[PDB]
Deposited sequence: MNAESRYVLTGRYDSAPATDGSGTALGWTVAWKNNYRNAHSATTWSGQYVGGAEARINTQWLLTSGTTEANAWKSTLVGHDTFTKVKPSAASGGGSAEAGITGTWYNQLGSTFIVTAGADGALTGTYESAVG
């Protein structure tokens, strides 16, 4: 449903190394849509690993808007692994929590799509 989806934008290395390395990428979701606002934003940073068991392996930082007095506890950290179900990255991915990451990788390095979190 519309209510559960949030806009994402990011960037990826559109000319990765050819030495066996992964493809670096990152993206952001701000947790506001027309339905809800959690006053927070998550960024995922990680890499795409191609081949027989393709994955996007990430670490993330989730910052909430806080008063100055609460800033010390503004940021959560964690790690999400995505499995699928430029060409490599583009498609629909799910993580270990059941969240859905729908993304288009542009030839130029853009990532654009939607994120639906299974948790809140």
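- Comparing the deposited sequence with the modelled residues shows gaps at 1, 87 to 97, with numbering starting at 1.
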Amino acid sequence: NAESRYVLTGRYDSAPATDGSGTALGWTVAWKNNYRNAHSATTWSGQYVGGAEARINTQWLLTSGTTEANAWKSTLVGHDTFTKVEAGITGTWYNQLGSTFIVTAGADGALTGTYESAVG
From here on, numbers count along this sequence of modelled residues.
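- Mean C-alpha B-factor is higher over 47 to 55 than over the other stretch, the pair under comparison being 64 to 72 and 47 to 55.
- Sort the chain's modelled residues by C-alpha temperature factor and residue 112 lands in the lowest third, per the entry.
- Per the PDB record, residue ranking by Cα B-factor puts residue 34 in the highest third of the chain.
- Annotation for residue 27: CA B-factor lies in the lowest third of the chain's modelled residues.
- When the CA B factors of the chain's modelled residues are split into thirds, the value for residue 90 lands in the highest one.
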